[PDB]
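One-letter residues, chain by chain:
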Amino acid sequence: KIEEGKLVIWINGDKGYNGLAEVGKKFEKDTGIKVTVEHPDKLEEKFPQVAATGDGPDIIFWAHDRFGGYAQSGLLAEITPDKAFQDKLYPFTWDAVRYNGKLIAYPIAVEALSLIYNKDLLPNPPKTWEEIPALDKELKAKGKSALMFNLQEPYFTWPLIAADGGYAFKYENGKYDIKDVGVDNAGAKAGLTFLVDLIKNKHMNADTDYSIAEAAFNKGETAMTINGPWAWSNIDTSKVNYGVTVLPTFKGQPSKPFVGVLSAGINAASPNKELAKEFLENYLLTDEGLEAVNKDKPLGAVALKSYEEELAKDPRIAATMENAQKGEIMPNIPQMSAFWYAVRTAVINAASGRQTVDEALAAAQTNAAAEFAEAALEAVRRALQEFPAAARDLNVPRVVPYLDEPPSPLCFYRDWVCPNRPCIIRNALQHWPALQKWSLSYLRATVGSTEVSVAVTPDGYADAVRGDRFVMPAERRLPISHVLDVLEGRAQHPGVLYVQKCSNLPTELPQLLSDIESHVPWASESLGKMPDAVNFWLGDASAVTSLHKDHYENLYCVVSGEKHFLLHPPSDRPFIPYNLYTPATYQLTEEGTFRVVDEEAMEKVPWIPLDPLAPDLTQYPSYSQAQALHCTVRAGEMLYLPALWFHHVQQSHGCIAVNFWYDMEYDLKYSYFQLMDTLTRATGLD
Ligand SMILES: OC[C@H]1O[C@H](O)[C@H](O)[C@@H](O)[C@@H]1O
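At a minimum axis separation of 8 Å, helix α7 (residues 154-161) and helix α8 (residues 186-200) run at an interaxial angle of 115°. Considering the relative orientation of α7 and α8, their crossing is right-handed. Residue-level inspection shows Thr157, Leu160 and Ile161 of α7 in contact with α8, the latter providing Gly187, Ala188, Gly191, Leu192, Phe194 and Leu195.

Below you can see the structure in the form of structure tokens.
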């Protein structure tokens, strides 16, 4: 007694779904699993709707041209076959179910349209489209019509349109040019004008759909129809003496029918992926499985070599193969879908007489171009959005790792600087007398009277976006001793203090340099250069440097206290919002009042509005797919904070620190970063 495992399949209702049912049974007799196959209308439109919310079928059958869109939306699981299995099916059938180098369905059958004619009514079928009108009035004058076929789905009409120059995209040597779309060129117009003239001269009827045609030919009311393999069973059971042959030519050139590979995709949202594989690989794609479907509705030229070889001597299949060679295989790109919609209306309008042929096709080219554009953009968006996770999976570790001693210059460059990952180096500052000497008492006896440039801000956030402005801190020149007073509580000051950022010898502040080093020698030998700056850092515990990135190799050394960093690799850029801001600077008056004051004749300054501590996920939801790294640097410790790394600094009260700025190498890594940042803004990711 259960409510248990199942396998539901969607397949179009012109295909042998009863044959597929039987195969479903032999499954259900060899496991307990009930296999139910369904043929809903517009199943290929329903699937991408319903499968994203998690519902939908387990397996979907359709011509392969639909299967790329399904994969661009991530609805199709990757199929993983043995190679004893991949060499069981023809190679080009696998290539039709390959999106962005990856397999997304199992190929079932290769199908193309052919000219089905009534051998009793028409002993020698026409070789040209141009004969058909002549042939029609000769047959109306015997009580029937010459040619009938579905005029409601562009798939049937397209072999003629493409004959004299029509083409979707462009399949010149190598593969498809998605800039070169050709649905409103001379040759497209020619075939379509011909189709429309057939209707005009009442050789055909614009209202004719699939069902009207099939019924007509199978009753012997039409000498010729145009259909694919699935249609043959219903004529065999009718008793029209019929043949299947090469499509007639137009203006001396062959009809070019888009070739379709019936494919089975697996629903990425299925709880049954592995039974789906046991069903298709080992029950359907067999001589036994394809036979049971084919007995119902002929599949065409199958993908399974074994059973393809056993059937290929059917003149109906040979003819199918002939027309497929004269035609071109459909691309599976997600642009296929809007292409069909565009031509569907183009044909339906030109045949009904609503628009001329020359405008219907013009409209279809224009409107399909506009979608082909937005589709391109979305493909770019995903590339940029899947990139950040792709990167950190490969190089960027989720923690800042510690070294127990300084690395060799070689090892420092090969392990950290070139791969652009941070680390904390230990036991590298123990030769600094600063580590023992630098007390807020020794600093007061040593540089207490020395006047420095001090950063004043109302809320502790220097260089942050405040409303519509990027605001820089107020500057006040104070001795260090009264910086220390305000920090120990002994005195008071408007806002939040912290010492600004070139001291140790260019401020000046030279009495401390002897307590430190002018550079990190193993770092300098590694980067092949001296630091551009050496900065002394002292400040309030409310000073929060906001999220930004530097064009410098920064060695952050902590002498007393702690430093709390929140890092993001340059890779996380597509998910880090950037805006453009009017640059300002705080003015502090002798009232303790902070006023925002636009920086005159400065360029707009790009900055990150996002607050990584408490992010507005409503305004910036994309940021929740970034991956922050956290570390804490403390007394005696040195953080290597690579170039272009997004960082956000906090510290304990009265934290003292020295940091070296080496200029970065402007290299391939930099140039790529500019490219991404630019593509992030163009594609409106922000
Ligand atoms: O409506 C036209 C359709 O007819 C058949 O189902 C073909 O398999 C499919 O490729 C074609 O698109």
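Together, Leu668, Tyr672, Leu675 and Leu679 line one region of the surface with nonpolar side chains, adding up to about 420 Å² of accessible area. Secondary-structure assignment places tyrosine 672 in helix α22 (residues 668-682). With a relative accessible area of 54%, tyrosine 672 lands in the exposed category.

Looking now at the sheet that holds strand β2 (residues 34-38). Overall, mixed pairing links the six strands, which are arranged β2-β1-β3-β9-β4-β10 in an open sheet. Unpaired on one side and paired on the other, β2 and β10 (301-302) mark the two borders of the sheet. The sheet contacts of helix α2 (residues 43-50) involve β1 (6-10) and β3 (59-63), and relative to β3 the element is tilted by about 135°.

Here we take up the site of the ligand. Taken together, the neighbourhood of the ligand is formed by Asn12, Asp14, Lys15, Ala63, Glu111, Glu153, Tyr155, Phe156 and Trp230. Contact between the ligand and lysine 15: an oxygen atom at 3.0 Å from a side-chain N or O atom of the residue. In isolation the ligand has 310 Å² of accessible area, and contact with the protein removes 83% of it. Looking at the shell around the ligand, its residues break down into four nonpolar, one polar and four charged.

Spatial ordering of the open sheet is given by β19-β27-β21-β25, a layout of four strands whose pairing is antiparallel. At either end of the open sheet lies a strand with only one pairing partner, and these are β19 (545-549) and β25 (629-634). This sheet shows a mean twist of 20° between the axes of neighbouring strands, independent of strand direction. Pairing geometry for strand β21 (residues 562-568) and strand β27 (residues 646-651), over six bridges, is antiparallel. Considered in β27, the bridge of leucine 566 is made with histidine 648.

Within helix α20 (residues 480-488) the residues assigned to the buried category are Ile480, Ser481, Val483, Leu484, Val486 and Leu487. Check the buried side of α20 and you find it contacts α19 (442-447), β13 (451-457), β16 (474-479), β17 (496-499) and β18 (533-539). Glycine 489, located one to two residues past α20, shows a positive phi value of around 95°.

Now for the environment of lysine 297. Here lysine 297 lies in the loop between α12 (287-294) and β10. Overall, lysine 297 belongs to the buried group, its relative accessible area being 18%. C-alpha of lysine 297 to C-alpha of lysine 137: the two residues are 160 residues apart in sequence and 34 Å apart in space. The contacts of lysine 297, once residues within four sequence positions are left out, are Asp14, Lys15, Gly16, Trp230, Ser233 and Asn234.

With that out of the way, let us pick up the side chain of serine 526. Of note, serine 526 is situated in helix α21 (residues 521-527). Look at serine 526 and you get buried, because its relative accessible area is 12%. At 2.8 Å, the side chain of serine 526 and the backbone oxygen of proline 409 are in polar contact. Residues within four places of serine 526 in sequence aside, it is in contact with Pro409, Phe412 and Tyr413.

Quick look at the pattern of salt bridges now. Two side chains carrying opposite charge are able to pair once their charged atoms lie near each other. One pass over the structure, following the stated rule, counts 34 salt bridges. Of the charged contacts in the structure, one is a salt bridge between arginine 316 and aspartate 236, with a shortest N-O distance of 3.1 Å. On the criterion of sequence distance, the pair formed by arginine 316 in helix α14 (residues 315-326) and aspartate 236 in helix α10 (residues 233-236) is long-range, its members being 80 residues apart. The residue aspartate 677 makes a salt bridge to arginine 681 at a minimum N-O spacing of 2.4 Å. Taken as a pair, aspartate 677 and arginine 681 lie in helix α22 at a separation of four residues, close to a single helical turn. You can call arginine 681 partly exposed: its relative accessible area is 45%.

Moving on, we come to the pairing of strand β7 (residues 222-227). For β7, the buried fraction is high: six of the six residues fall into the buried class. Across four bridges, strand β5 (residues 114-118) lies against β7 in antiparallel orientation. Paired with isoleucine 116 across the two strands is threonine 225, which belongs to β7. As defined by bridge partners, strand β6 (residues 145-148) adjoins β7 across three bridges and the pair is classed as parallel. Looking at the pairing, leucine 147 lines up with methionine 224 of β7.

Moving on: the packing of aromatic side chains. Applying the stated criterion across every chain, the model contains 29 aromatic pairs. With centroids separated by 5.2 Å and ring planes inclined at 75°, the aromatic side chains of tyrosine 556 and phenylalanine 565 adopt a geometry described as edge-to-face. Note on accessibility: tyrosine 556 and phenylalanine 565 belong to one class, buried. These aromatic residues form a ring-pair network of at least three members: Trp129, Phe149, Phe194 and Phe250. The residue whose ring lies beneath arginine 421 is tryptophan 416, and the NZ or CZ to ring-centre distance is 5.4 Å.

Take the nonpolar core next. Of all hydrophobic cores here, the largest spans 131 residues; its most connected members are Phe61, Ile108, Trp129, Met224, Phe279, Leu284 and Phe339. A per-element tally of this core places helix α15 (residues 336-352) first, with ten residues. When near neighbours in sequence (up to four residues on either side) are disregarded, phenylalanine 61 contacts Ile9, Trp10, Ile11, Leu20, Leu43, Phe67, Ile108, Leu262, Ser263, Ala264, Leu280 and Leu284. The next biggest cluster of nonpolar side chains, apart from the first, holds 50 residues, and it includes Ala428, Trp438, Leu440 and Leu527.

A complete count under the given rule lists zero disulfides for this structure. Not part of a disulfide, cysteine 423 finds its nearest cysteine sulfur in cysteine 631, a span of 10 Å. Judged by its relative accessible area of 8%, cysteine 631 is buried.

Turning our attention to helix α1 (residues 17-28). When the terminal C-alpha atoms of α1 are compared, their 16 Å separation across twelve residues agrees well with the 16 Å that a helix rising 1.5 Å per residue should span. Every buried residue of α1 is listed here: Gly19, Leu20, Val23, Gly24 and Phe27. Across the axial projection of α1, the buried residues extend over an arc of 150°, all falling on one side. Residues of α1 that are buried sit in contact with β1, β2, β3, α11 (273-284) and α12.

For the rest of this paragraph, the subject is the packing of α8 against helix α16 (residues 357-394). The interhelical angle for the contact between α8 and α16, taken along N-to-C directions, is 130°, at an axis separation of 10 Å. Viewed along their axes, α8 and α16 adopt a mutual orientation that is oblique. α16 is crossed by α8, and the crossing has right-handed handedness. Here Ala188, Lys189, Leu192, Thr193 and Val196 of α8 come into contact with α16, specifically with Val357, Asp358 and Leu361. When grouped by side-chain class, the residues that make up the contact of α8 with α16 number five nonpolar, one polar and two charged.

What counts and how
Residues numbered from 1 in each chain as written, not as in the entry; some residues may be left out. Heavy atoms only, no water. Axes fitted to C-alpha atoms, helices over the stretch in contact; angles between N-to-C directions. Helix = DSSP H or I, 4+ residues; strand = E, 2+ residues; numbered from the N terminus. Left-handed = near helix turned anticlockwise from the far one by under 90°. Contact = heavy atoms within 4.5 Å. Patch = residues over 30% accessible without salt bridge, like charges linked within 9 Å, V, L, I, M, F, W, Y side chains within 5 Å. Areas by Shrake-Rupley, 256 points an atom, 1.4 Å probe, with all protein chains shown as cover. Salt bridge = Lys/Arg side-chain N within 4 Å of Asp/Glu carboxyl O. Buried < 20%, exposed > 50% of the residue type's maximum accessible area, 1.4 Å probe, protein only. Pairing = 2+ DSSP bridges. Near = heavy atom within 4 Å. Polar contact = N/O pair within 3.5 Å; in protein donor to acceptor, adjacent residues only side chain to side chain. Nonpolar A, V, L, I, M, F, W, Y, C, P; charged D, E, K, R; others polar. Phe/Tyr/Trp six-rings, centres within 6.5 Å; stacked < 30°, edge-to-face > 60°. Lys NZ or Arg CZ within 6 Å of the ring centre and 35° of its normal. Core = buried A, V, L, I, M, F, W, Y, C linked by side-chain atoms within 4.5 Å. Disulfide = S-S within 2.5 Å. Expected span 1.5 Å × (residues − 1). Arc of directions from axis to C-beta. Parallel < 35°, antiparallel > 145°, perpendicular 65-115°, else oblique.

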